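Chemist: This is the structure alone, sequence omitted:
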Ligand SMILES: *P(=O)(O)OCC(C)(C)[C@@H](O)C(N)=O
């Protein structure tokens, strides 16, 4: 993502027929289904591959590039890598970037509490009395790119991309990889207040007598599309004025 | 006609009698308690038989608890069910580990034709004299009559005490003198077997015929088993001898294949309901679609039956075929024999022969030479004796060759023929053209039959004596009831029919003329102060607040110690609720969920929701009108006429159904728009852009585009060069075509949300705004601000949430921006899960109380409730909105398809499922969930506050909990962490906890 | 049709059944229509039907006996329909 | 009845006003019946003892009292 | 639908449910489909309607109940509507993506009124009877306009 | 917008000061989707040229040599 | 097309032999869809 060169696509009508190109059978029928009259597809009888003639009145999408005025952000230091904390590539190449920030923050928080092995809690407290009451404002935002933009472009996207999008999954992965509690999970969405709401939900979970211990916090990622949408709301500092 | 109907993937197995026994017993229990069935009704016996026929240990543990915990003090009908029950338990235990039985116990009816004063012909089947049991029916059949002349009293308690007739259901009654010895010499019974004489005719054999009737006497007392009998039966649709046979088979735990011509939801349900009332222990019912007129379906059907469960067949081996399929041909004389009759001749003969041919091939194949299949052929006694039957008689008479061919060919060890000469069978208990004259024939000294009697007769040809007999020689059973001996039957029948049509028609004309004479002589003062006023009901739609009982009745329910014991500040209570979803409101969905049909009030709300009807108060074409009015034609509609006018349309456009594109921004899952990146192999034809837009192309493409000012216009030319990238649209065809969508025409306008709001907020927010209003109305809170009479501004909370949120606004900010479509600048604020609650506060409540929005995927509502409760007990909020809400869009539909969470709709259609029957929980064949949309909302309060405000109280939220599962590597796998709500310690469990006993707890207080 | 037992009834036997029965009926149907057309009610046509005495008594005849035995319905239908003044049936039980 | 029917003369002031209250009682029956019935007020003659003819309608549709 | 049946059956076993007293399942999603986040709110609306009628609606698409589910003695799977002498309490169980179980018990509201005095109850009854009329006034006005 | 200005100069006879105002009434009264044919695009501007008329108060051979030069 | 009864516990050495017995040599549906998408997405302009 280079905010000086923000990739869009403009719809244009083919005023005059395109030079044919070869597709598979499958992919050509996909062009024919979309375009109807406005495409011609013909088996090349030697190969089996099809020719695809985009006719006058067909629609195309031609890429363009906006220059965007928000060039600056508070980013994690360059070279930060979940590997250096000792998260496996199985996990890294599966889970959304924001989940990696959370997994590192939960470990590094048990270390601050002198709790090197999460299971030590279950000497004192029943399995059903550790809760997670943390949450995000937007969640797995990179996984939403996957399931709205990248699919649309028929890029390769993992089939389970939708489960990584959900705000309640960063907490799923913390339970699935560290805690193994069967205690409460009450995930808040509080936009920019989600952390203090988290704490509130957390406390009232402990006084209710549902949980003796509770992870509590918040987590949020910066991507291209939120950067842009906060710019259109005029919430963020315009960097060129700055 | 000859089109293939049969697939294996459309075959529906019904086998879960273990579950249907418990449902049938509870359905009988409450029917007796609500006095729908009395101790005189025969249905309580009929129903008892079907619970004995399914008797197992689980069903006795079940009946013991339900019958040993009824308080007989509570009413006369509670005494009845406990007396009946105790007996039905004693029976069920006697018959545990004993084979189940076809035993029909219905009151055998006769026909009755009546013509009134005004010449209207009425038909009614009418309880006979001296035949009030099937025992009696076999005696009557044995004695014959005066015309059949060729030239015992077991007291019961039917129709006075069925609880005593229940007691006598296992008691296997043995008789000395059989009804073989009742048959008076020089008289032919009405039911009789025949024997082939060396000349080659078939005559009444007395001794065969005795054996048959003796089996039939015992069937009537003790009942018949069909355990381990496997049957193919065709033409067994609703209202046929076919279907009253099917009941009897299943009732004796037969395993039956049943073929339908017309396979549909409506039929698959008929069959579900027969199996779930009749299918005894071990019974099974496979329903396959089938054309008997198709050669290739007959070949297929027997291949599917015989084939191994491994190659996708059944693994059965037929012990009886009953090929009773027919197409009716009427008014087809010999000059009119055409394609219909030629096609019927194939269903009713050549393909019967091809189906018996087939089972011989599949039985031989596997060297099966000792397990033959009784073919029961439906014969007529009347070949060409009526006429206008087309090739019907030519079809039936040619089946009489199988009696000879059995001795003359190589198939006698695979097949056995048992030809039934089925006589006059009164179609239904309504007016069949044939029925009205039944009474008239019977006066000759002859018998006609209900279908239950003709079923009984043919199930007697599957008893183990006439099965043992079929295996020696063929069996001709004459179940014609003496109609051989009425002579010139065609003219005799047509006399009787003439004399009813005449006697009616005459008496209808002489009636009409004597009421026009009177009207002329005495005018319109004798016939006008006479014609009464009728009152068509209107639709008083009710809020369905709960019935409050007088205090004296309420103290009976709760323990006396409870008064003063609970702190009601700390009891949570649901005060109202509502929803928007596929069946409209909480009101209309309840009418569908519970009853399956809409009331007059349900039709009107549905019609109003979907904007089919609108109110009008003023002038309609001059006239002054106040009522409903078709929303499109503005033509006045009465409430009685809403069902006729609009039901069909409401049911087509409500529920789970094919995704309607106009609802989802033209999303057509058959045509799902993607874009493929291609490289321009050769330079494009220039196009004109603005200056701005051309610099945008140049910035992206660099070398690979050329942009040149056109010096006249100022506009630029844009030449896309070789090596430039393009995006060409394509279209996936997607396999998820069905979803549970809000009914078509639902519009926030009809609730009175302004266009300012509609054209601003995400669709899901509109479902929520309507659900919160319609929930305050359920709580009798018409003005939200009324709350602030009782409670501070800071003590109303919103603890509702979504799994994904404003999903249409994510399309805006990921897809539509990318395509430089116009998208509102504030689109990002609508995406957020915490904004539906923002808009509820901003447009209705104006609380400054808690807001704690959960994300719980498919559990967000129960988490919402939990967060809600704990917010009220913390003492942060006295009132709390609580619920959940979620929208269906293109992109989630797709992503749930890639996870293989949702039902694939094209597989569903292979199995011949309609969209209605595609969500089927707890089912053998369940294959993924049905995505839906909408919102639910509840209002919860302190009970203290609820009683002060006098809001209705719909229930008490006693408990609410959330639990994670364990270590795993699968986010969508469900688990067991919610078991921790039942966590207790049972080490020290010898003596009672005094803390559980409320009396103790009150003494301490 | 010979050596065609009931397991072997196929297209030949289904086609024979049309020659030896349904199209016989269609040919008598036809003459009734052409005779009625012209109001001929006093010049009937004797149909001589070749009957067998042996229906299924040998076997391996395919649908031969099912064909022949179904012609025995015309004896009843003559009294029960509207074609007795155009056609008269005369069934011959032709022996060996 | 209080405002249009006159106790002293034991009659309706105007017959168009009797019509008015009959038409109204018919609308109660339309609103509160479940099922097409024949009307309890056949002739508006019956209204001429109007307390008896009110009880008759609000006995058979007692929801209307509430 | 096996995992849920299995947990209900193990709660009921551990709390000494009477053998022969199975809870009756209701499967309202047969009719509405699964509205993921709204799922449990519709189940709850449905449960309060069951509570105040004692009508248990049947899964009308339960053709054939999985043989695997007969091992669960403590659950019944009905295919028709059962009109009962009353329902005192209803469980509502929701399983989510991301290890997100939930249970709620809803107790019949006539159990509340045993805890209060005859004067207080009679006062409340009046107050509600008034509200319900007002609410009906409002409903039908807002519906037609 | 070259052809949309050139259609308002030949059909209606509007110069480049009024052609601006006709395109500003065509922006406030923008169509919902892509106009299909060139005949729809003209029918549209004919409507917006008679709606400019209302607001301001205004009341109302060699395409073969082209088709060769295209080929060349 | 072929799938043994329990492939998920069967090693890829022993599966490869159960397919090869009934395998013609051709690329089938799934691996002709992935060579088309390698060439479409990861090869330059002209290179089919
Ligand atoms: P894994 O054993 O986690 O199973 C995943 C599926 C999709 C099968 C499961 O979550 C489901 N939807 O039943």
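Modeler: Perfect, I can see it now. Numbers count the residues shown, from 1 in each chain, chains lettered A, B, ... in the order given.
Chemist: Get me the contact residues on chain A for chain E.
Modeler: Residues of chain A found near chain E (Cβ under 8 Å from any Cβ of the partner chain) are A:163, A:166, A:168-169, A:171-172, A:175-176, A:185. Just so you know, the C-beta spots here come from the backbone N, C-alpha and C atoms, and that holds for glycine as well.
Chemist: show me where the chain has strands.
Modeler: Here I'm looking at chain A. A:6-13, A:21-23, A:39-43, A:50-54, A:59-66, A:130-132, A:213-215 (DSSP state E).
Chemist: Actually, chain D is the one I wanted.
Modeler: So, for chain D - with DSSP E - the strands run D:5-6, D:11-12, D:37-38.
Chemist: so residue A:226 touches residue B:828, yeah?
Modeler: Yes. When contacts are counted by Cβ atoms under 8 Å, residue A:226 is listed as touching residue B:828 (7.0 Å).
Chemist: who has more neighbours, the two?
Modeler: A count of neighbours by other Cβ atoms under 10 Å in any protein chain shown puts residue B:828 above the other of residue A:226 and residue B:828, at 25 against 19.
Chemist: before we move on, the earlier item: touching both of residue A:226 and residue B:828, which residues are there?
Modeler: The overlap between the contact sets of residue A:226 and residue B:828 (Cβ atoms under 8 Å, 6 or more residues apart in numbering or on different chains) consists of residue B:813.
Chemist: So the residue lying farthest from the centre of chain D versus residue D:47, what's the distance?
Modeler: Using Cα atoms, centre = their mean, the residue of chain D lying farthest from its centre is residue D:8. It sits 20.0 Å away. Note on residue D:8: its distance to residue D:47, by Cβ to Cβ, to the nearest Å, is 17 Å.
Chemist: what residues does chain G put near the ligand?
Modeler: Within chain G, no position is near the ligand by Cβ under 6 Å from any ligand atom.
Chemist: can you tell me the residue of chain G closest to chain C?
Modeler: Residue nearest to chain C within chain G: residue G:1 (32.6 Å; Cβ to the nearest Cβ).
Chemist: Now chain F against the ligand: closest residue?
Modeler: residue F:33 (38.9 Å; Cβ to the nearest ligand atom).
Chemist: again, but for chain G
Modeler: Checked against the ligand (Cβ to the nearest ligand atom), the nearest residue in chain G is residue G:8, 11.5 Å away.
Chemist: Name the SS class of that residue, please.
Modeler: Secondary structure state of residue G:8, per DSSP: H, G, I helix; E, B strand; the rest coil, is coil.
Chemist: count of neighbours near it?
Modeler: For residue G:8, the neighbour count with other Cβ under 10 Å is 5.
Chemist: got it, and residue E:95?
Modeler: Residue E:95 has 24 neighbours, counted by other Cβ under 10 Å.
Chemist: Settle this for me: it is touching residue B:860, isn't it.
Modeler: No. Contact between residue E:95 and residue B:860 fails when scored by Cβ under 8 Å: they sit 12.0 Å apart.
Chemist: can you map out the helices along the chain?
Modeler: Unless you meant another one, I'm taking chain A. Applying DSSP state H to chain A gives helices spanning A:25-35, A:82-85, A:89-92, A:97-110, A:141-145, A:161-165, A:169-174, A:194-207, A:224-232.
Chemist: try chain G instead
Modeler: Using DSSP H, helices in chain G cover G:12-20, G:30-42.
Chemist: mind putting those in CSV, distance to residue E:37 and mean neighbour count included?
Modeler: CSV is the format used below for those (distance: least, Cβ to Cβ, whole Å; neighbours: other Cβ atoms under 10 Å in any protein chain shown):
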stretch, distance to residue E:37, mean neighbour count
helix G:12-20, 41, 11
helix G:30-42, 35, 13
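Chemist: Quick one, which of those helices gets closest to residue F:19.
Modeler: Ranking the helices of chain G by proximity to residue F:19 (Cβ to Cβ) places helix G:30-42 first, at 45.4 Å.
Chemist: Can you check what angle separates that closest one from strand B:672-679?
Modeler: 60 degrees (axes from the mean of the first three to the mean of the last three Cα atoms, to 10 degrees).
Chemist: And the contacts of helix G:30-42?
Modeler: Contacts to helix G:30-42, defined as Cβ under 8 Å, 6+ apart, come from residues A:23-24, A:26-27, B:676-677, G:27, G:47-48.
Chemist: same deal with stretch A:135-145?
Modeler: A:96-99, A:161-162, A:164-171, A:187-192, A:194, A:197-198, A:218-221, A:223-226, B:810, B:814, B:831-832, B:855.
Chemist: Point to the residue nearest the middle of chain G.
Modeler: Note: chain G centre (Cα atoms, centre = their mean) maps to residue G:31, 4.5 Å.
Chemist: Roughly how far does that residue sit from chain E?
Modeler: Noted for residue G:31: a distance of 32 Å to chain E, by Cβ to the nearest Cβ, to the nearest Å.
Chemist: What of residue D:51?
Modeler: Look at residue D:51 and chain E: by Cβ to the nearest Cβ, they are 25 Å apart.
Chemist: residue contacts, the one residue in chain A that gets nearest to chain D?
Modeler: Nearest residue of chain A to chain D: residue A:208, at 42.6 Å (Cβ to the nearest Cβ). Residue A:208 is in contact with B:870, B:873-874, counting by Cβ under 8 Å, 6+ apart.
Chemist: which one of those residues is nearest chain E?
Modeler: Of all the contacts of residue A:208, chain E sits closest to residue B:870, with 12.8 Å by Cβ to the nearest Cβ.
Chemist: What is the burial count for the residue of chain F found nearest chain D?
Modeler: Residue nearest to chain D within chain F (Cβ to the nearest Cβ): residue F:32, separated by 44.4 Å. Neighbourhood size, residue F:32 [other Cβ under 10 Å]: 5.
Chemist: Correct me if wrong, but it is in a strand.
Modeler: No. Read with three-state DSSP, residue F:32 is coil and lies in no strand.
Chemist: Tell me where the longest strand sits in chain E.
Modeler: Max-length strand for chain E by DSSP E is strand E:101-107.
Chemist: what packs against that one?
Modeler: helix B:860-873, strand B:955-963, helix E:39-51, strand E:89-93 (3 or more Cβ pairs under 8 Å, 6 or more residues apart in numbering or on different chains; DSSP states H and E).
Chemist: In its sheet, which strands sit next to the second one, and in what direction?
Modeler: In this case it means strand B:955-963. strand B:572-580 (antiparallel), strand E:101-107 (antiparallel) (DSSP bridges).
Chemist: Now do stretch A:60-71: distance from first to last residue.
Modeler: Taking Cα to Cα, to the nearest Å as the measure, stretch A:60-71 stretches 30 Å from start to finish.
Chemist: how far away is the residue in chain D positioned nearest to chain E from residue G:47?
Modeler: Residue of chain D nearest chain E, by Cβ to the nearest Cβ: residue D:66 (7.9 Å). For residue D:66, the distance to residue G:47 (Cβ to Cβ) stands at 84 Å.
Chemist: quick revisit: next up, the contacts around the residue of chain G closest to chain C.
Modeler: G:22, G:28.
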